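*Asks:* To start, I am sharing the structure in question, which I have written as structure tokens.
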Amino acid sequence: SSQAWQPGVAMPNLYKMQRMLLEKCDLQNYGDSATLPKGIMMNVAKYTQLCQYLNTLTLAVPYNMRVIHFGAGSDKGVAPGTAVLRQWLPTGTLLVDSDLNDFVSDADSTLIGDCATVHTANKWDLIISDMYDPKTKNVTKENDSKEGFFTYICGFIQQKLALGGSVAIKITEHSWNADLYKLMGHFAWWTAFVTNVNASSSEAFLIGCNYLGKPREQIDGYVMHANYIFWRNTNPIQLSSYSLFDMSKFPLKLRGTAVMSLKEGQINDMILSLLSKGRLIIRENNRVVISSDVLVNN
Amino acid sequence: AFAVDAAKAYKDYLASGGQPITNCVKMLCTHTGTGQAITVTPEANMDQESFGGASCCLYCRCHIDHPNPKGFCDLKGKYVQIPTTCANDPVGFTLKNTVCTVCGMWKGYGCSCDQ
Ligand SMILES: Nc1ncnc2c1ncn2[C@@H]1O[C@H](CSCc2ccc(-c3ccccc3)c(C(=O)O)c2)[C@@H](O)[C@H]1O
Ligand SMILES: [Zn+2]
Ligand SMILES: [Zn+2]
């Protein structure tokens, strides 16, 4: 396990190609904890390792990058994950975050409420989600695909993610969704990434890299989650905080990726190849306008 | 003429022996940074911790208005560097201290413009 010096472990491709059936997740290292640097929160360590892993992918990084972060509030009313995102993203990146519960944040703008009430005019370059319903962990009923906020997230990707943009959506054994997995086949590449600090958990980030807007491969979401649980069940990941101690190359690299506005008919195989390589963002570059729907009642 | 004075209320609760505001967001960083007080990215030097700015602002944390005409916060969206020996109370530190307008260090904690 030279893995212990990585920020985390990504799901090996051979496990993606299987056709396992869904088993209960039973982690060898369940209940172990990494020892975090003195006074560092789990959410900071976890988002640091997530960003460190994302530094190894072909993310599009345009001028005036647009990032939206769902599920950003904590139980103590602050946003540690957003603070790591602000640190990671180029200076001047527009960062919007959201959560159901009130919190104070370093994001450029914050919307409070259920994510289904969030609307944006513009498209986004990177979508981060930490949303998780703890009710979902019912060990005594079958583990089926969940909707709730996952329905919103799939729609939000399809309608408001720029071509070439990327996503990282937290899942767990029971918090997952078959359509989101199927959507992973609409990116040039995808994985399930497990941070080394939280490797005793069944959580992973489903990462879609460079959105293409069409199916590149057909993915059965029920099979793929079973594949993910199988991988986790048979591949104990040693908890580790090693990567947290070397931040010298943390910032997301400014690539100045080109932004173009294009209609659906002029996205050829050549544009698709540019999208696939992290060299092109397709969206308009108007003003960023967001809103939260408010239901009025007595 | 009535206005809530939270700065004075917190300073007095600290003097009374109260537990400082917790869950300020401490960042991972090199600790080879410029050491300036409030920066766009973490800048802690070897003697400093870096925190997310909003989590260290008294007005942010208490959900109260910022004390200036248009209610601007100069911590939110930045990182604030706190001397490691005072990092148990970032909110108190930022409230009780001042930034040199020329070198950008904390006066008395790195600002050397007066020697
Ligand atoms: N539909 C929605 N719309 C908008 N926001 C949403 C929605 N649904 C959820 N959220 C927001 O998701 C944000 C993050 S999940 C909070 C969480 C979950 C699990 C654990 C945990 C459980 C077991 C073992 C270890 C940790 C912890 C914790 O560490 O204590 C915190 C929260 O702030 C939520 O309000
Ligand atoms: Zn503030
Ligand atoms: Zn000075």
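Chain labels A, B, ... are given in the sequence in which chains occur in the structure tokens; within each chain residues are numbered consecutively from 1, and ligands are likewise numbered from 1 in the order shown.
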Check which residues fall inside 10 Å of ligand 2 when counting only C-alpha atoms and all ligand atoms, and print them as a list in words.

*Replies:* residues 104, 105 and 106 of chain A; 53, 54, 55, 56, 57, 58, 59, 60, 61, 62, 63, 64, 65, 66, 67, 71, 72, 73, 74, 75, 76 and 77 of chain B

*Asks:* Give the residue list for ligand 1 at 7 Å, counting only C-alpha atoms and all ligand atoms, as a count of residues only, sorted by chain and then by residue number.

*Replies:* 21

*Asks:* Just how far from atom 1 (Zn, counted along the ligand's line) of ligand 3 is atom CA of residue B:97, in Å to one decimal?

*Replies:*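 Computing the Euclidean distance for atom CA of residue B:97 and atom 1 (Zn, counted along the ligand's line) of ligand 3 yields 13.0 Å.
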
*Asks:* What does the distance between atom CA of residue A:124 and atom CA of residue A:283 come to in Å, to one decimal place?

*Replies:* 8.2 Å

*Asks:* Enumerate as a CSV table (one decimal) with C-alpha atoms, in the first residue's frame the residues within 8 Å of ligand 3, counting only C-alpha atoms and all ligand atoms.

*Replies:*
chain,number,residue,atom,x,y,z
B,99,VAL,CA,-3.7,45.5,11.0
B,100,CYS,CA,-0.9,47.9,9.9
B,101,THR,CA,-2.1,49.7,6.8
B,102,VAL,CA,1.4,49.8,5.3
B,103,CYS,CA,3.0,46.4,5.7
B,104,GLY,CA,-0.2,44.3,6.3
B,105,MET,CA,1.0,42.5,9.4
B,106,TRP,CA,-0.7,42.6,12.8
B,107,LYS,CA,0.6,45.5,14.8
B,110,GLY,CA,5.0,41.0,13.0
B,111,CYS,CA,4.7,44.7,12.0
B,112,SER,CA,8.2,46.1,12.2
B,113,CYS,CA,7.4,49.6,10.8
B,114,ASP,CA,8.0,51.4,14.2

*Asks:* How would you write, as a ChimeraX atom specification, the set of residues in chain B that DSSP gives as strand (DSSP E)?

*Replies:* /B:38-39,48-52,79-83

*Asks:* Could you list, as a count of residues only, the residues of chain A having an atom within 8 Å of chain B when counting only C-alpha atoms?

*Replies:* 26

*Asks:* Looking at only C-alpha atoms, which of A:22, A:5, A:256, A:30 is the one that sits closest to residue A:227?

*Replies:* A:22

*Asks:* What does the distance from atom CA of residue A:29 to atom CA of residue A:50 come to in Å, to one decimal?

*Replies:*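 Value for the atom CA of residue A:29-atom CA of residue A:50 distance: 20.0 Å.
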
*Asks:* Which neighbours of residue A:90 fall inside 7 Å, counting only C-alpha atoms, when residues of the same chain fewer than 2 positions from it are skipped, and could you give them as a PyMOL selection string?

*Replies:* chain A and resi 88+92-93+252+254

*Asks:* Could you save those same residues with N, CA, C and O atoms as a short mmCIF file (atom, residue, chain, number, x, y, z; two decimals), in the first residue's frame?

*Replies:*
data_model
loop_
_atom_site.label_atom_id
_atom_site.label_comp_id
_atom_site.auth_asym_id
_atom_site.auth_seq_id
_atom_site.Cartn_x
_atom_site.Cartn_y
_atom_site.Cartn_z
N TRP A 88 -8.36 26.40 -2.63
CA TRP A 88 -7.91 25.59 -3.76
C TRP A 88 -8.09 26.33 -5.09
O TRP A 88 -7.18 26.34 -5.93
N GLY A 92 -10.34 34.91 -7.46
CA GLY A 92 -11.36 35.45 -8.33
C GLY A 92 -12.38 34.46 -8.84
O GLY A 92 -13.32 34.87 -9.54
N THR A 93 -12.23 33.17 -8.54
CA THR A 93 -13.25 32.21 -8.91
C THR A 93 -14.56 32.55 -8.21
O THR A 93 -14.58 32.86 -7.02
N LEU A 252 -5.26 24.73 -7.32
CA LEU A 252 -5.65 24.29 -8.65
C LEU A 252 -4.90 25.11 -9.70
O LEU A 252 -4.84 26.35 -9.63
N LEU A 254 -3.93 27.22 -12.74
CA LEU A 254 -4.63 28.12 -13.65
C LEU A 254 -4.29 27.71 -15.08
O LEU A 254 -3.13 27.81 -15.50
#

*Asks:* Pull the helix (DSSP H, G or I) assignments for stretch 140-280 of chain A out of DSSP run on the backbone, and list those residues as a ChimeraX atom specification.

*Replies:* /A:148-160,178-184,221-234,242-245,264-266,269-276

*Asks:* Dump N, CA and C atoms for the selected residues as a tab-separated table (two decimals), in the first residue's frame?

*Replies:*
chain	number	residue	atom	x	y	z
A	148	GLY	N	-34.71	11.82	-3.36
A	148	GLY	CA	-34.50	13.11	-2.72
A	148	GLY	C	-33.64	14.09	-3.51
A	149	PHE	N	-32.59	14.60	-2.86
A	149	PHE	CA	-31.70	15.58	-3.48
A	149	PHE	C	-30.97	15.02	-4.69
A	150	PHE	N	-30.85	13.69	-4.82
A	150	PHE	CA	-30.19	13.14	-6.00
A	150	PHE	C	-30.97	13.44	-7.27
A	151	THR	N	-32.30	13.49	-7.18
A	151	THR	CA	-33.06	13.84	-8.37
A	151	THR	C	-32.70	15.24	-8.83
A	152	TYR	N	-32.63	16.18	-7.88
A	152	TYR	CA	-32.24	17.55	-8.20
A	152	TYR	C	-30.86	17.58	-8.84
A	153	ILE	N	-29.91	16.82	-8.26
A	153	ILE	CA	-28.52	16.86	-8.71
A	153	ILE	C	-28.40	16.37	-10.15
A	154	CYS	N	-29.03	15.24	-10.48
A	154	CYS	CA	-28.99	14.80	-11.87
A	154	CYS	C	-29.56	15.84	-12.82
A	155	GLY	N	-30.72	16.40	-12.50
A	155	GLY	CA	-31.26	17.46	-13.34
A	155	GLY	C	-30.33	18.64	-13.42
A	156	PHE	N	-29.70	19.00	-12.29
A	156	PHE	CA	-28.85	20.19	-12.28
A	156	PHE	C	-27.64	20.00	-13.17
A	157	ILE	N	-27.08	18.79	-13.17
A	157	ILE	CA	-25.95	18.48	-14.04
A	157	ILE	C	-26.36	18.62	-15.50
A	158	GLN	N	-27.48	17.99	-15.85
A	158	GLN	CA	-27.91	17.95	-17.24
A	158	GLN	C	-28.24	19.34	-17.78
A	159	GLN	N	-28.82	20.21	-16.95
A	159	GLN	CA	-29.25	21.54	-17.38
A	159	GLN	C	-28.24	22.65	-17.10
A	160	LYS	N	-27.40	22.54	-16.08
A	160	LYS	CA	-26.61	23.69	-15.68
A	160	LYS	C	-25.11	23.41	-15.55
A	178	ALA	N	-29.07	5.49	-8.90
A	178	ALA	CA	-28.72	4.78	-10.13
A	178	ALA	C	-28.55	5.74	-11.31
A	179	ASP	N	-29.38	6.78	-11.39
A	179	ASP	CA	-29.26	7.73	-12.50
A	179	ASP	C	-27.96	8.53	-12.45
A	180	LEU	N	-27.49	8.89	-11.25
A	180	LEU	CA	-26.22	9.61	-11.15
A	180	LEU	C	-25.08	8.78	-11.72
A	181	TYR	N	-25.02	7.49	-11.33
A	181	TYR	CA	-24.06	6.57	-11.93
A	181	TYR	C	-24.19	6.53	-13.45
A	182	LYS	N	-25.42	6.41	-13.95
A	182	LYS	CA	-25.60	6.39	-15.39
A	182	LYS	C	-25.11	7.69	-16.01
A	183	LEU	N	-25.35	8.83	-15.33
A	183	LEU	CA	-24.80	10.10	-15.79
A	183	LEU	C	-23.28	10.10	-15.86
A	184	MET	N	-22.60	9.32	-15.01
A	184	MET	CA	-21.14	9.27	-15.11
A	184	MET	C	-20.68	8.86	-16.50
A	221	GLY	N	-26.72	1.78	-13.37
A	221	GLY	CA	-26.40	2.35	-12.07
A	221	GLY	C	-26.58	1.40	-10.91
A	222	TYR	N	-27.51	0.44	-11.01
A	222	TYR	CA	-27.63	-0.54	-9.94
A	222	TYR	C	-26.42	-1.48	-9.92
A	223	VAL	N	-25.97	-1.92	-11.09
A	223	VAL	CA	-24.78	-2.77	-11.17
A	223	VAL	C	-23.55	-2.01	-10.70
A	224	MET	N	-23.42	-0.74	-11.10
A	224	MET	CA	-22.17	-0.04	-10.81
A	224	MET	C	-22.01	0.21	-9.32
A	225	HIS	N	-23.10	0.50	-8.61
A	225	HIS	CA	-22.99	0.69	-7.17
A	225	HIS	C	-22.63	-0.62	-6.47
A	226	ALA	N	-23.21	-1.73	-6.93
A	226	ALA	CA	-22.79	-3.04	-6.45
A	226	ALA	C	-21.31	-3.27	-6.72
A	227	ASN	N	-20.84	-2.89	-7.92
A	227	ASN	CA	-19.40	-2.98	-8.18
A	227	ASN	C	-18.61	-2.16	-7.17
A	228	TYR	N	-19.09	-0.94	-6.86
A	228	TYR	CA	-18.37	-0.07	-5.94
A	228	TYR	C	-18.30	-0.69	-4.55
A	229	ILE	N	-19.42	-1.24	-4.07
A	229	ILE	CA	-19.43	-1.89	-2.75
A	229	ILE	C	-18.53	-3.12	-2.74
A	230	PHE	N	-18.54	-3.89	-3.83
A	230	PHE	CA	-17.63	-5.03	-3.92
A	230	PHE	C	-16.18	-4.60	-3.81
A	231	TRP	N	-15.79	-3.57	-4.57
A	231	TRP	CA	-14.43	-3.04	-4.48
A	231	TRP	C	-14.09	-2.65	-3.05
A	232	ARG	N	-14.94	-1.82	-2.43
A	232	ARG	CA	-14.73	-1.42	-1.04
A	232	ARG	C	-14.64	-2.62	-0.11
A	233	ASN	N	-15.52	-3.63	-0.29
A	233	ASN	CA	-15.55	-4.79	0.62
A	233	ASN	C	-14.29	-5.63	0.54
A	234	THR	N	-13.62	-5.68	-0.61
A	234	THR	CA	-12.49	-6.59	-0.79
A	234	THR	C	-11.15	-5.87	-0.85
A	242	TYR	N	-1.26	11.34	5.59
A	242	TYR	CA	0.07	11.76	5.15
A	242	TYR	C	0.00	12.96	4.21
A	243	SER	N	-0.90	12.93	3.21
A	243	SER	CA	-0.85	13.94	2.17
A	243	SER	C	-1.18	15.31	2.71
A	244	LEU	N	-1.81	15.38	3.88
A	244	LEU	CA	-2.20	16.65	4.46
A	244	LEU	C	-1.00	17.49	4.84
A	245	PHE	N	0.16	16.87	5.01
A	245	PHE	CA	1.34	17.58	5.49
A	245	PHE	C	2.14	18.24	4.38
A	264	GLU	N	-25.93	23.13	-30.29
A	264	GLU	CA	-25.78	21.67	-30.25
A	264	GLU	C	-25.32	21.10	-31.59
A	265	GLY	N	-25.61	21.78	-32.70
A	265	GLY	CA	-25.28	21.24	-34.00
A	265	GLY	C	-23.83	21.38	-34.42
A	266	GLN	N	-23.09	22.31	-33.80
A	266	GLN	CA	-21.69	22.53	-34.14
A	266	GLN	C	-20.72	21.93	-33.13
A	269	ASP	N	-17.01	15.90	-33.55
A	269	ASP	CA	-16.10	15.00	-32.86
A	269	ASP	C	-14.83	15.71	-32.44
A	270	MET	N	-14.48	16.82	-33.11
A	270	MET	CA	-13.28	17.56	-32.77
A	270	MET	C	-13.45	18.34	-31.47
A	271	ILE	N	-14.61	18.99	-31.31
A	271	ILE	CA	-14.96	19.66	-30.06
A	271	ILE	C	-15.06	18.64	-28.93
A	272	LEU	N	-15.71	17.51	-29.20
A	272	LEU	CA	-15.80	16.46	-28.20
A	272	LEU	C	-14.42	16.04	-27.70
A	273	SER	N	-13.43	15.98	-28.60
A	273	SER	CA	-12.08	15.59	-28.18
A	273	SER	C	-11.42	16.67	-27.34
A	274	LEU	N	-11.66	17.94	-27.67
A	274	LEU	CA	-11.17	19.04	-26.84
A	274	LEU	C	-11.83	19.02	-25.46
A	275	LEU	N	-13.15	18.83	-25.42
A	275	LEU	CA	-13.85	18.66	-24.16
A	275	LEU	C	-13.24	17.52	-23.34
A	276	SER	N	-13.03	16.36	-23.99
A	276	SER	CA	-12.52	15.18	-23.30
A	276	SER	C	-11.15	15.39	-22.69
